[PDB]
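Counting starts at 1 for both ligands and their atoms, in listed order. Residues take their numbers from the sequence shown, with the count starting at 1.
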Amino acid sequence: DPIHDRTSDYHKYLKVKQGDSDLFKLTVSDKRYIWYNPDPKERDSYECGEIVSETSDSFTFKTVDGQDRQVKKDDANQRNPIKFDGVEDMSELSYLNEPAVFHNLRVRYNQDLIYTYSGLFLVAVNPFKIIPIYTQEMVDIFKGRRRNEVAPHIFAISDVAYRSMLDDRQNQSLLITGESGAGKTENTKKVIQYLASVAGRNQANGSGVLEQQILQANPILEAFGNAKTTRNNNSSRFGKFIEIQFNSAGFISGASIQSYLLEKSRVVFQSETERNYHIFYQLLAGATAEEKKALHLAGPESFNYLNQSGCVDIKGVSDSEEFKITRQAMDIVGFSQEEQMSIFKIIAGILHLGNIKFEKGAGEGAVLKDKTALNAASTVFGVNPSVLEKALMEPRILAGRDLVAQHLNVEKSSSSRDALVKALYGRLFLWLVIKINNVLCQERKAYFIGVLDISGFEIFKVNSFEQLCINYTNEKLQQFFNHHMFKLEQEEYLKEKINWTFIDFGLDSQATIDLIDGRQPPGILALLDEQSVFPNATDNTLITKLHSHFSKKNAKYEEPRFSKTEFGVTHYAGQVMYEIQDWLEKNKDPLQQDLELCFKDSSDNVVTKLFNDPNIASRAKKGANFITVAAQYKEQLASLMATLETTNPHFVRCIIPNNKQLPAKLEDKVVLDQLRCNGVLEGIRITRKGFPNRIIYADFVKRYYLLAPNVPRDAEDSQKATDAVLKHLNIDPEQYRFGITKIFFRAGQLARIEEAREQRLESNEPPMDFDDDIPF
Ligand SMILES: Oc1c(Cl)cc(Cl)cc1-c1[nH]c(Br)c(Br)c1Br
Ligand SMILES: [Mg+2]
């Protein structure tokens with residue numbers, strides 16, 4: 001058995017490597033150690049010192065040099081006995097403290113053990129290198145194994161969710177948290193791969209295509225939805241909830257992707273060193289010379305949308321090659337060759353739109369002296385160029401009921417062009433998702449495991465509305481963790497009156513959430529909205545308004561003294577300063593109807609669908625106005641979260657090792673920040689101090705049969721029959737607890753002590769068979 005064979009890749013790649021005779025000498029030492037800060041200023045840089053003496057309330061210890069230092073036992077971070085180094089579940093540590101927990105993660109990390117359990121949930125420290133642990137061989141190992149049986153792995157957390165779906169007939173979710181680049185998306189992929197493989201169909205082998213189409217749906221989105229940021233070379237610029245769908249039997253019956261909050265602005269702007277969406281570079285570098293001809297393509301550096309960041313390629317990525325992967329993913333999903341070429345027309349069209357140069361005419365309004373870019377765009381889109389031109393520079397609006405032709409300046413014309421671009425891109429992306437969803441979902445699900453892959457927390461020199469939305473989302477995901485680990489958990493203990501004294505885990509980012517999406521009193525999004533449909537409002541009246549509501553009034557809010565255009569929100573993962581510029585327009589998300597008119601007329605079957613389909617091109621009307629982006633997204637998010645509350649959540653906490661995207665460099669301050677703000681220690685603490693597993697009194701007749709005074713699945717009393725099978729082995733009384741309608745087990749008694757009763761090789765047929773058919 002590979003898991004027991006020290007030779008296996010399993011053992012080689014997933015297990016702590018065997019310590020040597022020298023390590024054994026140290027492991028049996030009677031010496032004790034403490035984690036301390038050599039520099040009290042740098043509280044996240046720790047050294048190990050030896051405890052040399054102790055008083056009633058103090059330890060004295062040697063620093064890395066020979067100096068002696070004293071500390072209150074109350075304030076001491078004791079080092080766990082080294083036998084614990086590498087331990088797979090940190091709820092097992094004797095001492096649960098920051099340097100201890102970080103140290104354990106460090107030991108596992110140093111030998112490419114990136115997964116470690118922390119009580120109920122999984123921690124995943126990004127390796128930033130490939131590790132051979134996701135082969136079909138690895139899947140196989142994990143198929144069906146109990147969490148305690150196999151090493152920590154994304155596959156194991158996935159299998160558990162799967163088993164729990166089947167055993168409880170309840171929908172599950174894999175919530176994968178992390179700041180940008182921490183590993184959310186790679187782990188999402190593994191979750192799907194694994195589920196796809198473990199619950200996929202062979203059936204004589206000619207129908208498994210559904211599962212290949214599920215797998216293939218993600219490389220498509222990734223090419224249109226991902227881009228290099230300063231924080232991640234493959235940053236997800238949209239969030240996604242993936243439903244993997246199962247039939248009654250337990251097999252995969254389909255999948256459905258809900259996408260969130262595509263970063264439309266990236267298409268027309270990217271900050272230094274960053275990249276537009278992969279698709280633009282893939283196209284340009286991977287098109288046939290004849291496609292380059294039909295689309296009037298040329299190099300990255302020929303396009304304003306691709307040539308401002310100073311970066312057109314990503315180290316170790318071939319765009320020409322990724323392009324082949326995308327095309328193949330589009331084939332496998334079912335995108336017809338016309339559909340695909342339309343898609344690249346739209347991509348090519350966007351690039352040309354970007355090259356349109358507006359200039360000042362005689363008057364104040366703009367003029368288009370060189371129509372090269374305009375014509376190439378219209379050609380590719382199949383729209384009338386002089387109609388598009390007039391729609392760009394001279395859109396018509398109502399003025400009362402009068403029809404008036406605008407003459408936009410250079411600045412307004414450029415912006416409107418950008419708006420057309422972002423609408424184009426955003427609708428295309430939404431279409432791609434719609435197309436995929438329709439291919440994958442062809443069976444009424446019986447159950448699902450939802451996999452959440454959002455854009456992770458991020459901070460840049462300049463943070464705009466997109467970031468506020470991203471970090472608010474991450475803020476809510478974390479509160480969801482807070483809620484299930486601590487709030488719901490204890491509230492239960494209270495209900496069941498199991499004599500639990502409430503603990504405040506000091507983790508609640510509700511105030512921050514409220515500050516953002518609060519209705520009454522109104523939060524940022526509400527004021528943004530109010531201001532968005534106030535006809536005279538500016539970015540400036542907006543920040544003034546925000547300042548007036550929250551400055552020195554909201555503890556999570558800050559009006560900076562160094563700027564008039566920025567406001568600070570204190571998030572769980574840190575304070576973020578947000579630049580107000582353009583918020584109103586971003587929230588209104590306006591597009592001249594003359595542009596829409598111009599494109600509804602496109603001769604292209606895909607472009608026309610982007611503009612004529614009400615489920616793609618239509619906008620919800622919030623009374624007299626269109627629904628704002630803020631309101632719409634608050635609404636999508638609440639819905640997601642409402643769906644999540646109905647599932648049984650499993651948490652994977654991804655952790656970025658550093659900010660350099662380097663393997664083998666675990667930066668303690670970086671990791672500890674995440675460990676703190678994730679509430680990792682608090683999550684371990686609740687699982688240790690508490691009673692995770694609790695079954696109703698009635699159904700307690702479940703794994704427990706005559707392993708004590710004769711008592712089969714029957715009994716007339718419920719609170720009596722309970723204490724029965726337990727006392728036989730005399731299993732510790734304070735190691736469990738009797739509540740109103742349930743029986744709780746401290747830190748998993750079903751596994752800890754229950755290893756003779758259940759999980760045995762005897763106790764079934766061996767203790768019955770001594771005198772079968774031979775008793776005289
Ligand atoms: O309809 C839009 C318009 Cl008119 C302007 C802009 Cl900037 C974006 C979208 C958009 N983006 C995404 Br993603 C979806 Br779905 C939609 Br609709
Ligand atoms: Mg991602």
Side-chain angles (χ1 to χ4, degrees), residues 124 126 176-192 218-219 221-229 231-242 257-269 277-278 346 350 353 395 415-435 437 451-458 465-466 469-470 473-474 477 582 585-600 609-621 626-629 632-633 635-636 652 654 656 661:
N126 192 341
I176 311 187
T177 70
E179 58 178 83
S180 182
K184 290 179 301 291
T185 286
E186 297 302 315
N187 285 94
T188 302
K189 303 176 188 184
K190 303 309 152 50
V191 167
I192 295 162
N218 308 282
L221 296 183
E222 206 168 277
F224 295 80
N226 284 226
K228 171 185 179 206
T229 67
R231 281 188 187 288
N232 177 8
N233 277 338
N234 192 38
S235 178
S236 298
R237 301 275 91 201
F238 69 102
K240 64 182 171 184
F241 188 60
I242 305 166
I257 307 153
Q258 173 70 23
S259 63
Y260 298 93
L261 202 86
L262 183 53
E263 196 194 31
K264 284 189 278 271
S265 53
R266 186 161 297 277
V267 183
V268 311
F269 163 92
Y277 291 100
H278 301 317
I346 290 162
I350 289 169
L353 295 174
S415 287
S416 181
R417 177 268 309 281
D418 282 350
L420 164 59
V421 159
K422 306 190 295 184
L424 295 174
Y425 198 83
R427 291 162 188 219
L428 172 59
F429 188 83
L430 200 76
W431 178 76
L432 295 180
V433 175
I434 273 192
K435 223 61 162 65
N437 277 343
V451 191
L452 187 64
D453 186 14
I454 62 167
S455 290
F457 195 83
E458 58 175 23
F465 184 59
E466 292 77 7
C469 290
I470 288 158
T473 312
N474 285 78
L477 183 48
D582 295 325
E585 295 298 292
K586 287 181 151 163
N587 203 43
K588 277 137 52 154
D589 191 29
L591 187 61
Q592 290 293 172
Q593 306 181 248
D594 277 358
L595 296 162
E596 273 172 337
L597 295 174
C598 175
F599 277 74
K600 281 171 150 137
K609 179 62 173 171
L610 266 34
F611 283 89
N612 285 287
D613 171 344
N615 289 270
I616 285 180
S618 272
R619 184 95 161 278
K621 192 205 63 192
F626 296 111
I627 190 174
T628 65
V629 173
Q632 198 183 333
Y633 184 67
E635 155 206 87
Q636 289 159 331
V652 182
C654 295
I656 211 169
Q661 301 175 70

J.: Say whether, by atom type as modelled, one donor and one acceptor occur between the side chain of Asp453 and the main chain of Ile242 under 3.5 angstrom.
T.: no

J.: Taking only heavy atoms of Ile616, which atoms of ligand 1 are found under 4.0 Å from at least one of them?
T.: 17 (Br)

J.: Please report whether the ring centroid of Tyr425 lies less than 6.0 Å from that of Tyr277.
T.: yes

J.: At the Mg ion (ligand 2), what angle lies between atom OG of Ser236 and atom OG1 of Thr185, rounded to 10 degrees?
T.: 90°

J.: Using a strict cut-off of less than 4.0 Å between a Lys/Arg side-chain nitrogen and an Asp/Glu carboxylate oxygen, indicate whether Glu222 and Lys189 qualify as a salt bridge.
T.: yes

J.: At what distance is the nearest protein heavy atom to atom 14 (C) of ligand 1, and which residue and atom is it?
T.: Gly426 O, 3.8 Å

J.: Report whether any nitrogen, oxygen or sulfur of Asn226 sits less than 2.8 Å from the Mg ion (ligand 2) (N, O or S, backbone or side chain).
T.: no

J.: Checking a contact table here: which protein heavy atom is nearest atom 5 (C) of ligand 1, and how many Å away?
T.: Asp589 OD2, 3.2 Å

J.: Under 2.8 Å from the Mg ion (ligand 2), can any N, O or S atom of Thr188 be found?
T.: no

J.: Just to confirm my output: which protein heavy-atom neighbour is closest to atom 1 (O) of ligand 1, and how far is it?
T.: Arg427 NE, 3.2 Å

J.: Pick out which of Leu610, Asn612, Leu595 makes a side chain to side chain contact (heavy atoms under 4.5 Å, CB included) with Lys600.
T.: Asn612

J.: Could you walk me through whether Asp613 and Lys609 pass the salt bridge (charged side-chain N to carboxylate O under 4.0 Å, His left out) test, one step at a time?
T.: CA-CA 5 Å; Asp613 171 344; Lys609 179 62 173 171; 2.7 Å; yes

J.: Determine, for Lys586 against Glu466, whether the closest basic-nitrogen to carboxylate-oxygen distance falls under 4.0 angstrom.
T.: yes

J.: Using a strict 4.0 Å threshold on nitrogen-to-oxygen distance, state whether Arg427 and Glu596 make a salt bridge.
T.: yes

J.: Need the ligand 1 atom indices (1-based, order shown) with element for anything under 4.0 Å from a heavy-atom of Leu262.
T.: 13 (Br)

J.: Closest non-hydrogen protein atom to atom 10 (C) of ligand 1, residue and atom name please, with distance?
T.: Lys264 NZ, 3.2 Å

J.: Pull out every atom of ligand 1 sitting under 4.0 Å from any heavy atom of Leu430, numbered as shown with elements.
T.: 15 (Br)

